[PDB]
Amino acid sequence: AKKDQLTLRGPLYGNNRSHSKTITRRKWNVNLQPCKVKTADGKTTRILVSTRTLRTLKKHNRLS
Amino acid sequence: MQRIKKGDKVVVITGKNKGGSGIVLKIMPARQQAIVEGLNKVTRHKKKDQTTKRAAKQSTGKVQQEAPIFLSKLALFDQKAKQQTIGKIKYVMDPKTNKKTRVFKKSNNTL
Amino acid sequence: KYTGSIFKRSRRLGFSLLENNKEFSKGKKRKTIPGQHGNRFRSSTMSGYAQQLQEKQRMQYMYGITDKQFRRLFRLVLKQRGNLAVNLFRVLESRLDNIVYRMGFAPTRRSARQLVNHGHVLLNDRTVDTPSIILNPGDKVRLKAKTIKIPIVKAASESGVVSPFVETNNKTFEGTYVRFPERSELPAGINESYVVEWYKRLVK
Amino acid sequence: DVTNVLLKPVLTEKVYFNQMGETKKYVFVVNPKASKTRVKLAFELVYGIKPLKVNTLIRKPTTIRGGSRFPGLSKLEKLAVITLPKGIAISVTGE
Amino acid sequence: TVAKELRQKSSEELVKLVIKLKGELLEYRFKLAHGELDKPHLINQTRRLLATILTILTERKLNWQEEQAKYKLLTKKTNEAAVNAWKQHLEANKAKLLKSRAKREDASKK
RNA sequence: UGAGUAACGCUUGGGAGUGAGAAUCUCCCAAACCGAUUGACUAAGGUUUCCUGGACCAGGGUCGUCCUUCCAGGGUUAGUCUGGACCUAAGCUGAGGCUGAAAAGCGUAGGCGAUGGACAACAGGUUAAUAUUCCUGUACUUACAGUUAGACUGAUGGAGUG
RNA sequence: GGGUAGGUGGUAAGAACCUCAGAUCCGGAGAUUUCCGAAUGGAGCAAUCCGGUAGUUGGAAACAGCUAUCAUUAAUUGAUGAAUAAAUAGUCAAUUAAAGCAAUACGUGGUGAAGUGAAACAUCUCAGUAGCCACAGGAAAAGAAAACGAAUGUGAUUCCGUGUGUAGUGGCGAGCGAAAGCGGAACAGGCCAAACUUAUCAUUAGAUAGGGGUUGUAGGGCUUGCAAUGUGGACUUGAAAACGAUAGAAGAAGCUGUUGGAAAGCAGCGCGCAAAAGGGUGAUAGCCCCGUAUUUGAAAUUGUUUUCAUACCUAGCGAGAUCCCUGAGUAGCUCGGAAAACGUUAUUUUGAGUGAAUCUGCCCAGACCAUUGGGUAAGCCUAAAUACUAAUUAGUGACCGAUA
Ligand SMILES: [Mg+2]
Ligand SMILES: [Mg+2]
Ligand SMILES: [Mg+2]
Ligand SMILES: [Mg+2]
Ligand SMILES: [Mg+2]
Ligand SMILES: [Mg+2]
Ligand SMILES: [Mg+2]
Ligand SMILES: [Mg+2]
Ligand SMILES: [Mg+2]
Ligand SMILES: [Mg+2]
Ligand SMILES: [Mg+2]
Ligand SMILES: [Mg+2]
Ligand SMILES: [Mg+2]
Ligand SMILES: [Mg+2]
Ligand SMILES: [Mg+2]
Ligand SMILES: [Mg+2]
Ligand SMILES: [Mg+2]
Ligand SMILES: [Mg+2]
Ligand SMILES: [Mg+2]
Ligand SMILES: [Mg+2]
Ligand SMILES: [Mg+2]
Ligand SMILES: [Mg+2]
Ligand SMILES: [Mg+2]
Ligand SMILES: [Mg+2]
Ligand SMILES: [Mg+2]
Ligand SMILES: [Mg+2]
Ligand SMILES: [Mg+2]
Ligand SMILES: [Mg+2]
Ligand SMILES: [Mg+2]
Ligand SMILES: [Mg+2]
Ligand SMILES: [Mg+2]
Ligand SMILES: [Mg+2]
Ligand SMILES: [Mg+2]
Ligand SMILES: [Mg+2]
């Protein structure tokens, strides 16, 4: 599914309000961008993660 | 235990037959009736049927048998007493044999 | 929804946030939890009332009461004549199982209550199954004969041990009283009267 | 082995027609789950003479007592036609 | 009542009992299907006694087929007529077989 | 009520017999239609409707002693026939895997899937009902073991044929 | 175990048996339990077909009986091992769990309309309803203040009444509609992270396993003393006792006459009652029968409570130092949505982006600033009152009585 692999945070369903307040259901998708990290002997394994998690990995020295 | 068993003398206290003394030949507990010899004589109109070795003859005319009677209409008959009378029974347990025994309540006669 | 492999993600980070929140190290604390909670008390500085609360706890435990029942009994005794500091003591001590424990046929008050609930207990103008009836100063409590048919008997002895506000003859199973317990027979475990004022604020 | 695969012998016009003239043919009803080899083995261990060959019949269940207040189906039968060699004739009853 | 008597018995005697009652059960069912069974209640008594015997044998962790497979005794009596018929059949078969090949061989030689 | 009205949905005569009762049932003799078919063998489907005896509640567009109706009993025999234990086409399923809010969709290796390919039995007789199946006669094929003689045996793969 | 003198289930007579060495029957505990079905050796058109492996018995072998085992995924462990040395991917084996169903009922979460109303209709309503899906449980959810809110105030959550159809919110239209406070049901608060310290990992630990700690009238750690050996739990194993549940035992009291096929009706004279509930008995029976009130009883299984011991948690008030710790892609902010009564806004939440501080700190009291005051976010668990009845036992009906 279109979801992160580190966390379980997925899409967010909501309303598409326009002028005249017409209601149409829409979906916000998370920015799943590929990322490589070093775990278990630094073994890089591409993992589709959200940019938010990408920032977290970068600050946590993990992303190297 | 049971008020009426197979063998003891019994009489009828209601119906067309009053004071009819007899011996219980068989007791059906589920439908609460009792076959007593000499009482409730019914005469089935015996037809003729021939489809078996015994049915080849099956000689049956005006055979008079026994009709079942409700146990409520039955009452135990006293024998030990010099003046026999009809009464109700208890369920005393004598410690001599530790076995339940029927005893009348208007006298002290066992069974 | 796939091969989540908690090892894969947990080790993937080794600290992170989700990792540490879940950190299987998660012990049992299954004895820490119970006991400390159990029941506490002490007195503080800013409200004073701390003393009242602790004393209330002690009194309720001494007789095995729920706070709601206590509020009911205080409401009952509150209205009558005047300074009723002699009435509510009799009310708190008029419990049937309380009388049964001071009567001496049970090792402990709650055990006596269990007996009462199990239908051991015979009264005068009535009988009894509920362990909460308010008894009158001069009332009898004839004990059953079935309980004696189960000789554990050890009790009868306690009966004589007694406390002066209870007059019960051992073995013969009978009890009544007069001159309701004075404060001496209500020892210093809970002997204060500002718990009364605590309930006056909390209960109208 | 257990010998529950020999339920009941059956005697009809066809059975008696075969059961005469040198080689005898005995028709039994057998377990519907049994195979020809099991039938031969059961006959071996309980009679003692090896069948020359075995034939099998499956009679399908059919509606019976139609129109009666409660209708009912038939029962599944597997028939086996054993044929003993020339000159041997054993009795189905009497052992 | 009956279970006590069988309980007194050993295991080996019990498996002998089961084979004898199994055989007797087959005979009763065959005789009933041929209409020569005067006593039709013996089917139930054998089956109940058979079921009872199974109960005592299953208290201990022992089966009835495997235990009899380890040791047993063979059969007898049903042998003479069987071999006479079989010997006759193979002799007839060999005569036809020999005759057929001879006919074919001399025909091909000619 | 319409109303005992419309309708009763392509096929004749007679003799003998049964029976309480016969245009309608049985037998016989004709007669009239089908005859690239109303004839015969089977696939699909139907599921006992097949044979024998009995019955005439109901069904049969009339009648009925009679029926594909009802009752009781019986009837379907395979190493070679039709299909599995052999093989694949369209297509289906499909561990991993990919995709997708969830349910799920797609899909690899494998596995199914004949309407096709490979594979050894023909003639006659027999019962009321089965017959390349039962019987007679004459054959063939594939496995396993022993034995004789000869020969070095050669596939889960390659190639040819199919 | 109870309990007897009958029994072989109903349409059901007969034939033939069983049963007083205690049958049938009732209760507790077990045995057997074909095939399909989550179906799980492989397949498949459900109740069918085709097997492998390891044993054992017959055969001269093929083979045939009789047993046990053989699905997938996830976790742990061990062995083997590619591109490519090492190492992984992968492969294999062993152990432990998961699959599914139903209670036409309750819970949570995700998704989510339309008929309709507004006398049309698009904002709105219907309605976060129906439906679809996932996960349970015997309840679930919620839960211990970065709170309400305006005071010399209350002090987890949940549910009921009121506050009230109030403040408010609405093409200010149709409509929607709380949060405080008050009265009640029940009541319970707990535990980690970090400091500090111990031991071990080529100790590059930034990791593992322990001691220490759990906060707001700030708490804890650092150093130094006094008082403590207790009280209590949402608590483990046992032992004992009590109250029950799953069969049962005992259980009072009436005759005569009349109409009548039949009395129990009617009449006369009686009797019993802790039993006058009910059913049957040839009409309408307290005293004909079975029962009911009442007194009782369990070998075996099981429920609740109590007693004793036993593990495992749990403890106060000072002094000095002025040092350290208190949950970060977090709270805020911007751009689009939503939750709350609110049609988006102080508070809550998040798809994209950015991004703090560290008790003289941070958040809140309906924009916002200052004063005052309240509270300690970014970690976890939590019984009770609450929701429902497919089922078991007892019972009731100004509920129905074969078109209901
Ligand atoms: Mg809309
Ligand atoms: Mg066949
Ligand atoms: Mg009409
Ligand atoms: Mg007319
Ligand atoms: Mg006309
Ligand atoms: Mg006309
Ligand atoms: Mg006409
Ligand atoms: Mg016509
Ligand atoms: Mg004509
Ligand atoms: Mg012509
Ligand atoms: Mg034709
Ligand atoms: Mg038919
Ligand atoms: Mg016919
Ligand atoms: Mg006929
Ligand atoms: Mg007619
Ligand atoms: Mg042949
Ligand atoms: Mg195939
Ligand atoms: Mg074909
Ligand atoms: Mg034919
Ligand atoms: Mg017994
Ligand atoms: Mg609309
Ligand atoms: Mg409208
Ligand atoms: Mg309208
Ligand atoms: Mg919960
Ligand atoms: Mg009791
Ligand atoms: Mg009794
Ligand atoms: Mg009585
Ligand atoms: Mg009555
Ligand atoms: Mg704010
Ligand atoms: Mg809203
Ligand atoms: Mg502060
Ligand atoms: Mg904090
Ligand atoms: Mg109805
Ligand atoms: Mg009707």
# chains A, B, ... in the order shown; residues from 1 in each chain; ligands from 1
call {"tool": "residues_around", "arguments": {"residues": "residue 47 in chain F", "least_positions_apart": "3", "cutoff": "10 Å", "atoms": "only C-alpha atoms (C1' of nucleotides)", "output": "ChimeraX atom specification"}}
result
/D:60-63
call {"tool": "write_last_selection", "arguments": {"atoms": "N, CA, C and O atoms", "output": "short mmCIF file (atom, residue, chain, number, x, y, z; two decimals), in the first residue's frame"}}
result
data_model
loop_
_atom_site.label_atom_id
_atom_site.label_comp_id
_atom_site.auth_asym_id
_atom_site.auth_seq_id
_atom_site.Cartn_x
_atom_site.Cartn_y
_atom_site.Cartn_z
N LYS D 60 -27.04 -47.01 -7.96
CA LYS D 60 -27.22 -45.66 -7.47
C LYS D 60 -28.47 -45.58 -6.60
O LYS D 60 -29.44 -46.31 -6.82
N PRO D 61 -28.48 -44.71 -5.59
CA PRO D 61 -29.70 -44.51 -4.81
C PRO D 61 -30.77 -43.87 -5.66
O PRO D 61 -30.50 -43.03 -6.52
N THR D 62 -32.02 -44.27 -5.40
CA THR D 62 -33.15 -43.72 -6.13
C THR D 62 -34.30 -43.50 -5.16
O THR D 62 -34.32 -44.03 -4.05
N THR D 63 -35.27 -42.69 -5.59
CA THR D 63 -36.42 -42.42 -4.75
C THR D 63 -37.27 -43.67 -4.63
O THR D 63 -37.51 -44.37 -5.62
#
call {"tool": "residues_near_ligand", "arguments": {"ligand": "ligand 10", "cutoff": "8 Å", "atoms": "only C-alpha atoms (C1' of nucleotides) and all ligand atoms", "output": "JSON, numbers by chain"}}
result
{"F": [33, 34, 35]}
call {"tool": "write_last_selection", "arguments": {"atoms": "N, CA, C and O atoms (P, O5', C5', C4', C3', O3' and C1' of nucleotides)", "output": "PDB file, in the first residue's frame"}}
result
ATOM      1  P     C F  33     -51.782 -43.881 -47.383  1.00  0.00           P
ATOM      2  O5'   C F  33     -51.394 -42.811 -46.272  1.00  0.00           O
ATOM      3  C5'   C F  33     -50.182 -42.081 -46.364  1.00  0.00           C
ATOM      4  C4'   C F  33     -49.631 -41.757 -45.001  1.00  0.00           C
ATOM      5  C3'   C F  33     -48.120 -41.829 -44.870  1.00  0.00           C
ATOM      6  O3'   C F  33     -47.466 -40.672 -45.360  1.00  0.00           O
ATOM      7  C1'   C F  33     -49.113 -42.984 -43.070  1.00  0.00           C
ATOM      8  P     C F  34     -46.168 -40.825 -46.293  1.00  0.00           P
ATOM      9  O5'   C F  34     -44.991 -41.102 -45.258  1.00  0.00           O
ATOM     10  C5'   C F  34     -44.795 -40.248 -44.142  1.00  0.00           C
ATOM     11  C4'   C F  34     -43.658 -40.724 -43.275  1.00  0.00           C
ATOM     12  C3'   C F  34     -42.455 -41.291 -44.008  1.00  0.00           C
ATOM     13  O3'   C F  34     -41.595 -40.286 -44.515  1.00  0.00           O
ATOM     14  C1'   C F  34     -43.039 -42.722 -42.218  1.00  0.00           C
ATOM     15  P     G F  35     -41.267 -40.220 -46.087  1.00  0.00           P
ATOM     16  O5'   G F  35     -40.113 -41.301 -46.290  1.00  0.00           O
ATOM     17  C5'   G F  35     -38.943 -41.271 -45.486  1.00  0.00           C
ATOM     18  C4'   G F  35     -38.384 -42.654 -45.260  1.00  0.00           C
ATOM     19  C3'   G F  35     -38.052 -43.459 -46.506  1.00  0.00           C
ATOM     20  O3'   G F  35     -36.794 -43.122 -47.062  1.00  0.00           O
ATOM     21  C1'   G F  35     -39.269 -44.809 -44.995  1.00  0.00           C
TER      22        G F  35
END
call {"tool": "residues_around", "arguments": {"residues": "residue 9 in chain B", "least_positions_apart": "6", "cutoff": "8 Å", "atoms": "only C-alpha atoms (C1' of nucleotides)", "output": "ChimeraX atom specification"}}
result
/B:21-24,76-77
call {"tool": "write_last_selection", "arguments": {"atoms": "N, CA, C and O atoms", "output": "CSV table (one decimal), in the first residue's frame"}}
result
chain,number,residue,atom,x,y,z
B,21,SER,N,-62.1,-55.8,43.2
B,21,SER,CA,-60.8,-56.3,43.6
B,21,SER,C,-60.1,-57.1,42.5
B,21,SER,O,-60.8,-57.9,41.8
B,22,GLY,N,-58.8,-56.9,42.4
B,22,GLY,CA,-58.1,-57.6,41.4
B,22,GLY,C,-56.6,-57.5,41.6
B,22,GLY,O,-56.1,-56.8,42.5
B,23,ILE,N,-55.8,-58.2,40.8
B,23,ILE,CA,-54.4,-58.3,40.8
B,23,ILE,C,-53.8,-57.5,39.6
B,23,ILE,O,-54.2,-57.8,38.5
B,24,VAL,N,-52.9,-56.6,39.9
B,24,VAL,CA,-52.3,-55.8,38.8
B,24,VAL,C,-51.3,-56.8,38.0
B,24,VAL,O,-50.4,-57.3,38.6
B,76,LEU,N,-54.9,-49.4,47.3
B,76,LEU,CA,-54.4,-50.7,47.8
B,76,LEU,C,-55.4,-51.3,48.8
B,76,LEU,O,-56.2,-50.7,49.5
B,77,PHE,N,-55.4,-52.7,48.7
B,77,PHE,CA,-56.3,-53.5,49.5
B,77,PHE,C,-55.5,-54.0,50.7
B,77,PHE,O,-54.4,-54.6,50.5
call {"tool": "interface_residues", "arguments": {"of": "chain C", "to": "chain A", "cutoff": "8 Å", "atoms": "only C-alpha atoms", "output": "JSON, numbers by chain"}}
result
{"C": [4, 9, 11, 12, 13, 16, 18]}
call {"tool": "write_last_selection", "arguments": {"atoms": "N, CA, C and O atoms", "output": "compact mmCIF listing (two decimals), in the first residue's frame"}}
result
# COMPACT_ATOMS: atom_id res chain seq x y z
N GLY C 4 5.89 -7.35 8.40
CA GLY C 4 6.24 -6.23 9.26
C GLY C 4 7.57 -6.41 9.95
O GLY C 4 8.33 -5.45 10.10
N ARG C 9 12.24 -3.42 11.61
CA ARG C 9 12.02 -2.00 11.90
C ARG C 9 12.70 -1.57 13.20
O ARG C 9 13.34 -0.52 13.26
N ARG C 11 15.29 -2.93 14.91
CA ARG C 11 16.73 -2.80 14.72
C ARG C 11 17.03 -1.71 13.70
O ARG C 11 18.02 -0.99 13.84
N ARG C 12 16.21 -1.61 12.64
CA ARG C 12 16.31 -0.54 11.65
C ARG C 12 16.69 0.75 12.35
O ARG C 12 17.40 1.57 11.76
N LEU C 13 16.19 0.97 13.57
CA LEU C 13 16.51 2.23 14.21
C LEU C 13 17.38 2.06 15.45
O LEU C 13 18.37 2.79 15.64
N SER C 16 15.36 5.53 17.89
CA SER C 16 14.28 6.27 17.24
C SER C 16 13.29 6.83 18.24
O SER C 16 13.66 7.44 19.24
N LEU C 18 9.47 5.24 17.87
CA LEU C 18 8.66 4.03 17.98
C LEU C 18 9.44 2.92 18.64
O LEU C 18 8.89 2.11 19.40
call {"tool": "residues_near_ligand", "arguments": {"ligand": "ligand 34", "cutoff": "12 Å", "atoms": "only C-alpha atoms (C1' of nucleotides) and all ligand atoms", "output": "PyMOL selection string"}}
result
chain G and resi 402-404
call {"tool": "select_by_dssp", "arguments": {"residues": "chain D", "states": "strand (DSSP E)", "output": "mmCIF file with N, CA, C and O atoms, in the first residue's frame"}}
result
data_model
loop_
_atom_site.group_PDB
_atom_site.id
_atom_site.type_symbol
_atom_site.label_atom_id
_atom_site.label_comp_id
_atom_site.auth_asym_id
_atom_site.auth_seq_id
_atom_site.Cartn_x
_atom_site.Cartn_y
_atom_site.Cartn_z
ATOM 1 N N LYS D 8 -23.482 -58.916 3.158
ATOM 2 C CA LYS D 8 -24.652 -59.767 3.016
ATOM 3 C C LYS D 8 -24.692 -60.467 1.663
ATOM 4 O O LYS D 8 -24.504 -59.821 0.624
ATOM 5 N N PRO D 9 -24.905 -61.777 1.627
ATOM 6 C CA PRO D 9 -25.148 -62.437 0.344
ATOM 7 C C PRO D 9 -26.563 -62.170 -0.139
ATOM 8 O O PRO D 9 -27.488 -61.951 0.645
ATOM 9 N N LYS D 25 -20.705 -68.815 -9.457
ATOM 10 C CA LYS D 25 -20.563 -67.381 -9.256
ATOM 11 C C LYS D 25 -21.427 -66.948 -8.080
ATOM 12 O O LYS D 25 -22.657 -67.043 -8.141
ATOM 13 N N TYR D 26 -20.786 -66.473 -7.016
ATOM 14 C CA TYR D 26 -21.473 -66.020 -5.812
ATOM 15 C C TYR D 26 -21.447 -64.501 -5.760
ATOM 16 O O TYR D 26 -20.383 -63.889 -5.903
ATOM 17 N N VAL D 27 -22.611 -63.898 -5.557
ATOM 18 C CA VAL D 27 -22.748 -62.450 -5.560
ATOM 19 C C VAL D 27 -23.027 -62.012 -4.129
ATOM 20 O O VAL D 27 -24.020 -62.431 -3.522
ATOM 21 N N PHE D 28 -22.142 -61.184 -3.587
ATOM 22 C CA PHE D 28 -22.300 -60.588 -2.270
ATOM 23 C C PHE D 28 -22.433 -59.082 -2.424
ATOM 24 O O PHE D 28 -22.243 -58.526 -3.508
ATOM 25 N N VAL D 29 -22.758 -58.421 -1.320
ATOM 26 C CA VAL D 29 -22.704 -56.968 -1.224
ATOM 27 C C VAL D 29 -21.552 -56.604 -0.301
ATOM 28 O O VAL D 29 -21.346 -57.240 0.741
ATOM 29 N N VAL D 30 -20.778 -55.594 -0.696
ATOM 30 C CA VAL D 30 -19.527 -55.286 -0.025
ATOM 31 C C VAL D 30 -19.534 -53.819 0.386
ATOM 32 O O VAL D 30 -20.431 -53.051 0.035
ATOM 33 N N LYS D 53 -11.755 -64.292 -10.514
ATOM 34 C CA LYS D 53 -11.830 -62.864 -10.790
ATOM 35 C C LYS D 53 -13.026 -62.289 -10.045
ATOM 36 O O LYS D 53 -13.908 -63.022 -9.592
ATOM 37 N N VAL D 54 -13.042 -60.963 -9.923
ATOM 38 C CA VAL D 54 -14.088 -60.249 -9.201
ATOM 39 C C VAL D 54 -14.625 -59.139 -10.092
ATOM 40 O O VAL D 54 -13.851 -58.403 -10.713
ATOM 41 N N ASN D 55 -15.950 -59.025 -10.155
ATOM 42 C CA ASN D 55 -16.633 -57.945 -10.848
ATOM 43 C C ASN D 55 -17.443 -57.145 -9.837
ATOM 44 O O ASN D 55 -17.938 -57.692 -8.848
ATOM 45 N N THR D 56 -17.581 -55.846 -10.092
ATOM 46 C CA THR D 56 -18.197 -54.930 -9.142
ATOM 47 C C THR D 56 -19.354 -54.182 -9.791
ATOM 48 O O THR D 56 -19.284 -53.812 -10.967
ATOM 49 N N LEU D 57 -20.420 -53.965 -9.014
ATOM 50 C CA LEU D 57 -21.580 -53.202 -9.452
ATOM 51 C C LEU D 57 -21.850 -52.086 -8.455
ATOM 52 O O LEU D 57 -21.763 -52.292 -7.241
ATOM 53 N N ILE D 58 -22.180 -50.906 -8.970
ATOM 54 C CA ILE D 58 -22.619 -49.786 -8.149
ATOM 55 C C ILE D 58 -24.057 -49.472 -8.523
ATOM 56 O O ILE D 58 -24.339 -49.098 -9.669
ATOM 57 N N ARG D 59 -24.963 -49.636 -7.570
ATOM 58 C CA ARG D 59 -26.371 -49.333 -7.771
ATOM 59 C C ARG D 59 -26.646 -47.976 -7.139
ATOM 60 O O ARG D 59 -26.493 -47.812 -5.924
ATOM 61 N N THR D 63 -35.265 -42.686 -5.590
ATOM 62 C CA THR D 63 -36.420 -42.415 -4.749
ATOM 63 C C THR D 63 -37.270 -43.673 -4.631
ATOM 64 O O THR D 63 -37.514 -44.371 -5.619
ATOM 65 N N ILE D 64 -37.716 -43.972 -3.412
ATOM 66 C CA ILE D 64 -38.604 -45.102 -3.188
ATOM 67 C C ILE D 64 -39.812 -44.638 -2.389
ATOM 68 O O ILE D 64 -39.772 -43.625 -1.687
ATOM 69 N N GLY D 72 -38.741 -41.384 0.753
ATOM 70 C CA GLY D 72 -37.411 -41.749 1.189
ATOM 71 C C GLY D 72 -36.555 -42.203 0.025
ATOM 72 O O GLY D 72 -37.052 -42.633 -1.019
ATOM 73 N N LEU D 73 -35.248 -42.091 0.226
ATOM 74 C CA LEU D 73 -34.263 -42.483 -0.767
ATOM 75 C C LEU D 73 -33.827 -43.928 -0.531
ATOM 76 O O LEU D 73 -34.161 -44.549 0.480
ATOM 77 N N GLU D 77 -25.412 -49.501 -2.628
ATOM 78 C CA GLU D 77 -24.904 -50.864 -2.627
ATOM 79 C C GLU D 77 -23.726 -50.993 -3.578
ATOM 80 O O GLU D 77 -23.750 -50.445 -4.685
ATOM 81 N N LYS D 78 -22.700 -51.714 -3.144
ATOM 82 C CA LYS D 78 -21.659 -52.196 -4.041
ATOM 83 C C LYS D 78 -21.778 -53.713 -4.081
ATOM 84 O O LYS D 78 -21.685 -54.376 -3.042
ATOM 85 N N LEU D 79 -21.976 -54.257 -5.275
ATOM 86 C CA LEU D 79 -22.117 -55.690 -5.479
ATOM 87 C C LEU D 79 -20.820 -56.260 -6.034
ATOM 88 O O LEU D 79 -20.145 -55.617 -6.841
ATOM 89 N N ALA D 80 -20.468 -57.461 -5.587
ATOM 90 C CA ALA D 80 -19.247 -58.122 -6.020
ATOM 91 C C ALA D 80 -19.609 -59.501 -6.541
ATOM 92 O O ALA D 80 -20.355 -60.237 -5.887
ATOM 93 N N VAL D 81 -19.084 -59.850 -7.713
ATOM 94 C CA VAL D 81 -19.410 -61.129 -8.330
ATOM 95 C C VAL D 81 -18.167 -62.004 -8.357
ATOM 96 O O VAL D 81 -17.365 -61.944 -9.294
ATOM 97 N N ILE D 82 -18.009 -62.820 -7.328
ATOM 98 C CA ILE D 82 -16.915 -63.777 -7.248
ATOM 99 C C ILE D 82 -17.256 -64.999 -8.088
ATOM 100 O O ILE D 82 -18.414 -65.431 -8.139
ATOM 101 N N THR D 83 -16.248 -65.567 -8.747
ATOM 102 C CA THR D 83 -16.402 -66.796 -9.522
ATOM 103 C C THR D 83 -15.298 -67.755 -9.101
ATOM 104 O O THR D 83 -14.114 -67.496 -9.338
#
call {"tool": "interface_residues", "arguments": {"of": "chain G", "to": "chain D", "cutoff": "9 Å", "atoms": "only C-alpha atoms (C1' of nucleotides)", "output": "PDB file with N, CA, C and O atoms (P, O5', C5', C4', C3', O3' and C1' of nucleotides), in the first residue's frame"}}
result
ATOM      1  P     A G  64      -0.847 -51.794  -4.006  1.00  0.00           P
ATOM      2  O5'   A G  64      -1.535 -52.703  -2.892  1.00  0.00           O
ATOM      3  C5'   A G  64      -2.432 -53.741  -3.257  1.00  0.00           C
ATOM      4  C4'   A G  64      -2.620 -54.733  -2.137  1.00  0.00           C
ATOM      5  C3'   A G  64      -3.006 -54.151  -0.789  1.00  0.00           C
ATOM      6  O3'   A G  64      -4.389 -53.864  -0.695  1.00  0.00           O
ATOM      7  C1'   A G  64      -1.280 -55.749  -0.506  1.00  0.00           C
ATOM      8  P     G G  65      -4.899 -52.580   0.121  1.00  0.00           P
ATOM      9  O5'   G G  65      -5.454 -53.200   1.478  1.00  0.00           O
ATOM     10  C5'   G G  65      -4.946 -52.774   2.733  1.00  0.00           C
ATOM     11  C4'   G G  65      -4.791 -53.931   3.687  1.00  0.00           C
ATOM     12  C3'   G G  65      -4.667 -53.557   5.154  1.00  0.00           C
ATOM     13  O3'   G G  65      -5.924 -53.334   5.769  1.00  0.00           O
ATOM     14  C1'   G G  65      -2.974 -55.113   4.586  1.00  0.00           C
ATOM     15  P     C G  66      -6.279 -51.896   6.389  1.00  0.00           P
ATOM     16  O5'   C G  66      -5.451 -51.854   7.748  1.00  0.00           O
ATOM     17  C5'   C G  66      -5.503 -52.934   8.668  1.00  0.00           C
ATOM     18  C4'   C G  66      -4.478 -52.769   9.760  1.00  0.00           C
ATOM     19  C3'   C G  66      -4.229 -51.339  10.214  1.00  0.00           C
ATOM     20  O3'   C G  66      -5.186 -50.887  11.158  1.00  0.00           O
ATOM     21  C1'   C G  66      -2.158 -52.429   9.834  1.00  0.00           C
TER      22        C G  66
END
call {"tool": "residues_around", "arguments": {"residues": "residue 199 in chain C", "least_positions_apart": "6", "cutoff": "10 Å", "atoms": "only C-alpha atoms (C1' of nucleotides)", "output": "list in words"}}
result
residues 52, 53, 56, 70, 71, 74 and 75 of chain C
call {"tool": "closest_atom_pairs", "arguments": {"of": "chain G", "to": "chain A", "cutoff": "8 Å", "atoms": "only C-alpha atoms (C1' of nucleotides)", "output": "tab-separated table"}}
result
residue	atom	partner	partner_atom	distance
G:122	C1'	A:22	CA	7.7
G:123	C1'	A:21	CA	6.1
G:329	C1'	A:56	CA	5.9
G:337	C1'	A:14	CA	5.8
G:338	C1'	A:14	CA	7.0
G:350	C1'	A:12	CA	7.7
G:351	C1'	A:28	CA	5.0
call {"tool": "residues_around", "arguments": {"residues": "residue 118 in chain C", "least_positions_apart": "3", "cutoff": "10 Å", "atoms": "only C-alpha atoms (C1' of nucleotides)", "output": "JSON, numbers by chain"}}
result
{"C": [112, 113, 114, 115, 121, 128, 129, 130, 131], "G": [242, 243, 244, 305]}
call {"tool": "residues_near_ligand", "arguments": {"ligand": "ligand 14", "cutoff": "12 Å", "atoms": "only C-alpha atoms (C1' of nucleotides) and all ligand atoms", "output": "number ranges by chain"}}
result
F: 25-26, 51-56, 65-67, 69-71
call {"tool": "residues_near_ligand", "arguments": {"ligand": "ligand 26", "cutoff": "9 Å", "atoms": "only C-alpha atoms (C1' of nucleotides) and all ligand atoms", "output": "PyMOL selection string"}}
result
(chain B and resi 1+91) or (chain G and resi 248-251+291)
call {"tool": "interface_residues", "arguments": {"of": "chain C", "to": "chain F", "cutoff": "12 Å", "atoms": "only C-alpha atoms (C1' of nucleotides)", "output": "MDAnalysis selection string"}}
result
chainID C and resid 1:3
call {"tool": "write_last_selection", "arguments": {"atoms": "N, CA and C atoms", "output": "compact mmCIF listing (two decimals), in the first residue's frame"}}
result
# COMPACT_ATOMS: atom_id res chain seq x y z
N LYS C 1 0.05 -6.70 7.78
CA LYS C 1 -0.37 -6.48 6.40
C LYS C 1 0.73 -6.88 5.43
N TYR C 2 1.73 -7.59 5.95
CA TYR C 2 2.91 -8.05 5.23
C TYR C 2 3.93 -8.63 6.21
N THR C 3 5.21 -8.64 5.84
CA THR C 3 6.27 -9.06 6.75
C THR C 3 6.78 -7.84 7.53
